[PDB]
Amino acid sequence: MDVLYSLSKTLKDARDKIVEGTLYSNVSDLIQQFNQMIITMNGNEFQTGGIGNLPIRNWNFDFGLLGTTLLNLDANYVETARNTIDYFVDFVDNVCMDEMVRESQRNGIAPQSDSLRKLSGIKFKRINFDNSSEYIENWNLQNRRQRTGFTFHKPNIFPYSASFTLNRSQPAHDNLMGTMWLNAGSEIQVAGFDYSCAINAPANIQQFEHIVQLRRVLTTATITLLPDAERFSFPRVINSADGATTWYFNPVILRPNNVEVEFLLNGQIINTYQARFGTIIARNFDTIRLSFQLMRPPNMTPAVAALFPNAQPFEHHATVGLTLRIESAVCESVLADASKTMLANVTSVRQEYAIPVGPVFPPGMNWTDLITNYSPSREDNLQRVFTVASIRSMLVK
Amino acid sequence: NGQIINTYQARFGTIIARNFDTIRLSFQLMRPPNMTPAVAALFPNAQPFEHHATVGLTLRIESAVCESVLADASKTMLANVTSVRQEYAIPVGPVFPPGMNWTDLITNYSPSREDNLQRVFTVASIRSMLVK
Amino acid sequence: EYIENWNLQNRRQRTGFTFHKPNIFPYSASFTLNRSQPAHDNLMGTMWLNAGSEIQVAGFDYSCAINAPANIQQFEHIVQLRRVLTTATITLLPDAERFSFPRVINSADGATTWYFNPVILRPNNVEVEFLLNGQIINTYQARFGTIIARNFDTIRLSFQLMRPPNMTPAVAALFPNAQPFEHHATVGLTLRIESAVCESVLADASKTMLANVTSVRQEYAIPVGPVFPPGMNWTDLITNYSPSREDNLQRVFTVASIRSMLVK
Amino acid sequence: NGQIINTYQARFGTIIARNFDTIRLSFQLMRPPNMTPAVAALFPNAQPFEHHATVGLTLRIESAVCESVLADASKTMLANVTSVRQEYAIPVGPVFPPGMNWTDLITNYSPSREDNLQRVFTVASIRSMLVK
Amino acid sequence: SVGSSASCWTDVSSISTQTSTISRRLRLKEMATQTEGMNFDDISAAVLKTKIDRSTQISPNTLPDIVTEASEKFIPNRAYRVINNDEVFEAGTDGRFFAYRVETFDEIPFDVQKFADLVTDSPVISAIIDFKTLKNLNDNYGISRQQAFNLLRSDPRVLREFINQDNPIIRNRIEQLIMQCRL
Amino acid sequence: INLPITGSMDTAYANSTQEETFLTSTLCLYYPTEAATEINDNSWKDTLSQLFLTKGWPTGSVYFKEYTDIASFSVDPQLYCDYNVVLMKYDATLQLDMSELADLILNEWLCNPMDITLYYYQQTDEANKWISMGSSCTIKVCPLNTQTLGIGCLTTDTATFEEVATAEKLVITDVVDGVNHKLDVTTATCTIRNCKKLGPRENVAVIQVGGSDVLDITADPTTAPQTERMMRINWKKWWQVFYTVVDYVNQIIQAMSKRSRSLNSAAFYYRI
Amino acid sequence: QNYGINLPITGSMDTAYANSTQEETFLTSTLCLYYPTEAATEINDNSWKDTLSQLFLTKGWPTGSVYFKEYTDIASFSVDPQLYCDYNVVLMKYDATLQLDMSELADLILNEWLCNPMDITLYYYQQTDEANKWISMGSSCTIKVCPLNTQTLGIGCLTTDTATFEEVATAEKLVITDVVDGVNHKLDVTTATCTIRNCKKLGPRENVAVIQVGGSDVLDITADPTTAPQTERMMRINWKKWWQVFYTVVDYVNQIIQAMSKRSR
Amino acid sequence: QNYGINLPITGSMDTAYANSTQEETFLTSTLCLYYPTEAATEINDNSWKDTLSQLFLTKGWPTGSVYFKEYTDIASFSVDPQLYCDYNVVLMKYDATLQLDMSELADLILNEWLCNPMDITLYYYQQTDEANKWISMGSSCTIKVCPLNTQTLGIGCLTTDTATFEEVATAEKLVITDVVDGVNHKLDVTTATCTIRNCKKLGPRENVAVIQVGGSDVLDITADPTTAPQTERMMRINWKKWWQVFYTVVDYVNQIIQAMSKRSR
Amino acid sequence: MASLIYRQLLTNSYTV
Ligand SMILES: *[C@@H]1O[C@H](CO)[C@@H](O)[C@H](O)[C@H]1NC(C)=O
Ligand SMILES: *[C@@H]1O[C@H](CO)[C@@H](O)[C@H](O)[C@H]1NC(C)=O
Ligand SMILES: *[C@@H]1O[C@H](CO)[C@@H](O)[C@H](O)[C@H]1NC(C)=O
Ligand SMILES: [Ca+2]
Ligand SMILES: [Ca+2]
Ligand SMILES: [Ca+2]
Ligand SMILES: [Ca+2]
Ligand SMILES: [Ca+2]
Ligand SMILES: [Ca+2]
Ligand SMILES: [Ca+2]
Ligand SMILES: [Ca+2]
Ligand SMILES: [Ca+2]
């Protein structure tokens, strides 16, 4: 993988630096690297493809080196350079495809797409130029095990889950008490609802709690916590648990009182915020505990008191909501985001070349079913394919 | 171009689209065959209809890749261009609309406007690499 | 970027930090009533949530301008920024969301509550003015979508609520000619700054420097100093953005970037 | 990960499982359609039901291969460790539960606990290679 | 009897259950003179004496069983702690337990069958300054060794010094104690 | 069951339970003798059953139970069916009687008996009332003070009590909640029980055959609710009424819902 | 300009509200009130019509756009009402003994019906859905119906002995009969005096406005007993003088014409 | 606090046995004995009730929680038995002439029935499963049944000549009828004096305890002649007096309340 | 102290 990232980076820096009129004083080292790479590749015969609709290609490198006599580069030099770089580019592209389309449970870190296993050999290690990018850097760190990190903006770590929980239900669904929540992407929108407004509850107060449990720990996360969850704040018709019948939900928003948000880590509390709204921080956490309360307003006006009667009809249901978004984060493992295209490149290649379902990834790489079970095999294969996909995007976006 | 590329049936959340010039969202409103009193009372068999049954769908594009240039929520080139023109009071031109309103600039993406937009965004990136 | 701007400042010149969704608005959720009552049955006023990069403002009249002249009711919201911005990219849409559903709000002094049943109309005669030193710099009249603001220290959002002169039976049954007014006409406006540039330093949704700093301080139990507030709450840190705070914040953010370039 | 790996239908005795995180044992209780008097006297058509029909299953994992470290009926590393701790009266640490009770130690097999358990098992093996 | 042997001071998650059951007698440790700190029933009685001198509705037939409803329904949920070799073991009637070190706040597995042997005979302390708020404070308002030891010991001097230093992470807890002293 | 429920929003709507709830439930109409008299037929019940058989309700599922009058029905309504429909006429004299009938059948009550001669009872909350049934309940009440003495009344002189009910077959007395009252009642004819109102009885359905909606279920004069299973018709005959009922019975049963509390043949739960 | 067809139409949300059609619709439309003989009797004036027209003139309606059309009684009006005016208003007196009659009048005028003929003697008719009803007009209708089984026999009646039939109407000037939907009925009517039509109920008529001059709202437009609605053009007033009633109507005519909307057909 | 649902339950085997509920349920519940007039006759004491209440006071039950409710005879008690308490005990005398009557009484009160009404005149009913029975009460019932064939004709009986029917009851106050399940039956009953309800048998009523004060156990609760069960709350006693019986009940009430369990419905 | 008042009430219970 190191040699593949090296090929990609030197080809990028060749397409960028090697241009007519430029000066050999600026590209001497790059030309030395390129010539060493040609010397290493020339004579070897690679083969790529043979899965799904991926065509089978046989690469045979017989190239010539680049002179060092000139000072300024002429078209007679840039043209040979481009004729070579296009070949190496399509070769690296087909290798990254053949590696994004293969999986394995045993030794997912270890190279697949046997051409790449060959490239991993010791006669090919003379091409390493710089392992700078975040992905290859964390790769080398995991190989030489150390405290790693991937920095994410709006990470897709919550699987799409829209669901409720009813602590007091009936067949008619006329006096309900419970909590609804939608956890999707990087956002959680929770809302505790009481159809009675806590006329019967001790002290006219009803508690609500929602415990999220991430599959991978996060650090240095910046979070935006606001009240009055929007999507659970208008009329709704929902079905029952067993889908037999339906019920109505006419919410009326009140403000969360005595709100407490606790970011824990394997039962250990790490961060806690009591009624702080807006931008907040969490330095290390695996579990989130959002707790809020619904307190009957003691001082009511006529119009509002007409909405919370002392009997069962209850045509307005008191609600208490909360939105929470994870704007940035840092994770020891790989995920998906709203910024980087690696996931999309992988899934597009798979959809295009008609890759059957494998033993590790589910069909179509649905991020819900791929984040609900983040077993080390899946994690390693995901890191591998995302890394090589970033490598491929460094050349062909 | 009328041919199908990707199809998603009853999937929600994060999804991928490898190549597409057209989006088609087709959904249905299916009356609940089982209904409680509170909800049955809202959908009567005659015209008054004080509750109107709705079915919605949000669709955001988080990340993407394009063979042409556009504007984003992360890059400053378009703001730089517009601010330069506003500051130095440039007369309206034969190509770009008045004020460079992105709505009417993308509503007509003629190749001339595409090329001019690429050019100005390029030199704006260049100028922002020096004076941000 | 940080060290370049630092060296620039030291060798004084025109600096700039480029931001994506900057957190320049401290969290402020609050209302303002220009006609009130103890019973709270005929109310006119405006509400706003200014948080991070977004402003969600909503002007409400309970009587739908039936008594106002020309069946029109004005609304104006002024936001004064603590530090100038340049080349800002803004997305302005109508029909704000978090002030578009029923609500039960306590009053200012908190001695009673009132109900709020909104019904959304569109802003007419809308006018957004991005001003600098009181000088109007950019103006936008009924332009939605994605707009620009080249330099501004103040935002003035002005909009109107116009009673529909031609009403159908249904909608006319909502705006009667008497005081009960069981549906309150509203007009909302969402405005999110997506890209921006600033001579000073702030927080974003793209960089973790603030979280690095806060996490260091929480981990090592640092007593609160004279400059930064307790826990480094961005609200009370961007509510009074004194030059001392700006300088200490630039310094810690710069060394946080430095550290993050080694350990993540 | 919710994907099936192995499935055995009506096979008893010795079986294999190549890779698995979840086990689902689904059986049925089928009333005997043809019943002798002695057994018909036990399943009457009324609520008392003085005999309760049952259906059981024993499943013993004899051998296995795990990417992580656990306890067995073959090796003494865990016994060595817990005995050293119970002898030299060590206060409970921030990772291992009190007394190193395997139940509360495997109920939450956190990566920290896994790493520390591997380390102490390794050094316990190293010590038992000299002083058993 | 979990522990050494039968005491009747420890008579019974299973852990959380046992701890709540033991805390329903640590309330009696509180009103048996076997405490060291602000002794929550004391706060309850102070609220009582501050309310029954203001309330217009006070009468001879009326105060009887109001004193008792107060003593019974003031601060229903309340937590306690025990210190041993610089290791605090907490407990609460709400089924929550927290073990942690004094100097460096970091949790630990809660050592049951030792917490009981210690709370039985060693003195107990009250959770006015309970671990959650204590850690929030040690994070935001960085704290010194003596101040932290005195807050563990529940000293009214340092308590009032923080309350005059206007620490919201303690003001909120005290307001919660008031709102629990509600009747 | 105090345990919690859970669910989801991706699940799909299951098939219709209508056309099977008819097969595995029963329906029971409660009509007035005036209807039978106006009709002057004998096989109208078989006619309605053969009509129901098209809407799905089988032969041996529909039932018709006559009641001579509103008060006669109010006296110990023995509703025992899986679906109960009641047709009730409008009468400004019987307004309160047929509001109390509504308050009794629509709602589920937990009733404790009363011993007046030996004890003196009070009320606790806004839903604990005293319901007296029988041929003629003439109730008088005298509130008392902390030291068992009368307030504006004399504990001996029944003629000084406050007469809340004069010759009424069904009375639902709500008095001030907190004070002890002494009661004088015609125990030889009427029995009076202290009943707390539980959640609503979703098994019954009232139909005001006449004037405007006047029924005030909730005794507090602030709600004045109009529940789902409380319909209103205008009439000049009864055949048209029954045809309307049959034609729109699916809506009635969609507004009703089988009980949850328990099986019981009375209009109120008895737990001593 | 494609008549008889319904095609998708589009719009937007950026446009601004146009001017007020009011103060021009008055000039370009016509009004038609229906008052009872009792009103003109109480008034006892010969120029009250021109007086009200001069008053309307101040509200905008010109002289020869408004019309007054008396009616002797509620049933005599219900019998073949011919409401052909671009804006119709009706003043209706409350009477406990006329509740069903003045609810059927409402359900007949407030709603727009599509009526087909009905040959009792020759055919046997049924209903299909909850909006197919049998509307019978005339001076005195006496309707009787016998439902039938699958094999064209009787159910609680005999198809030859008319006395065995079930009496749903008895000397009524207007009936709107709804029967069970999915069975065949054999009918007997006094067709010399009354005409019966099989009418389907379409969307409502927004061109007529009913005003109940007396008691509480009782009008149950919906045959289904569950809804019991109250639309926007079913108003209510309390009264002691018809001059006061007419002055109210004139002073609040604009709200009425806003609650009413011209026909689409 | 969910009602009308059935949810899975969970538990464990490490939990300890909690303290005893006796001497708290004795206070927070109610007890109701049912005795025969023969006992009060043999006794001739106006204070035996307060005596037994003061004796229960020692066993834990307070004074105002116990009730004695007389009944003249087994049949007069079987007629509409309205049992509403928290723990019910019934004393029952043995009489071979009343074996089936006092077995029907047992099968009625011991079990919990879901009872719908019956319209003999119109409908012809049938039993679906082995637990749907027809129970009739009243002062004196006379029931006669006729099964039917596939084509709605009788089988050894005539749908007109009632006399041809088969007589299952003869002047009985309580009857429980189980007939062949799967054939339509017609009934003749003197409905003036008796009411018949179609009931389905559900899980037992754990609130009542029958005590046969006399001869051997004959009560066959279940109608199938294969089980003949003897349940926990079905007791037997030998007697020559009644004071001794009541002292036995008082001394062994805790055993009775241990053999009984409060209702589930 | 403020709990000592409860302990004192309990102590002086004999005076009731
Ligand atoms: C539910 O209805 C559909 C459509 O009529 C039918 O295909 C399906 O079989 C029904 N469900 C069952 C369980 O029969
Ligand atoms: C519509 O109203 C505006 C504002 O009152 C007025 O200027 C305009 O002239 C009106 N339109 C016409 C056609 O008169
Ligand atoms: C049950 O008995 C034990 C042993 O005497 C006692 O500790 C416990 O408090 C008792 N239970 C109750 C609820 O009093
Ligand atoms: Ca009455
Ligand atoms: Ca008096
Ligand atoms: Ca009361
Ligand atoms: Ca009529
Ligand atoms: Ca019909
Ligand atoms: Ca007939
Ligand atoms: Ca018998
Ligand atoms: Ca025979
Ligand atoms: Ca049978």
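Since chain C takes its numbers from Swiss-Prot, the residues it shows come out as 134-397.
Per the header: electron microscopy, 4.3 Å.
Backbone N, Cα and C define each Cβ position, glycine as well.
What Swiss-Prot says about this protein:
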- C:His153: Zn(2+) binding site (BINDING)
- C:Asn266, C:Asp286: Ca(2+) binding site (BINDING)
Cβ neighbour count within 10 Å of C:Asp286 (Ca(2+) binding site):
18
Restricting to the chain of C:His153 (Zn(2+) binding site) and a gap of 6 or more, list residues whose Cβ falls under 8 Å of its Cβ, or answer none.
C:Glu327, C:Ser328, C:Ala329, C:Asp337, C:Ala338, C:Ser339
Return the binding-site residues from the list C:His153, C:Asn266, C:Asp286 for which some CB of chain B is under 8 Å from the residue's own CB; sequence order; 'none' if the set is empty.
C:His153
Enumerate same-chain residues with a sequence separation of six or more from C:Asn266 (Ca(2+) binding site) and a Cβ-Cβ distance below 8 A; give 'none' if the list is empty.
C:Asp286
Among C:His153, C:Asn266, C:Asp286, the binding-site residues whose C-beta sits under 6 Å from ligand 11:
none
Return one of helix, strand or coil for C:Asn266 (Ca(2+) binding site), based on DSSP.
coil
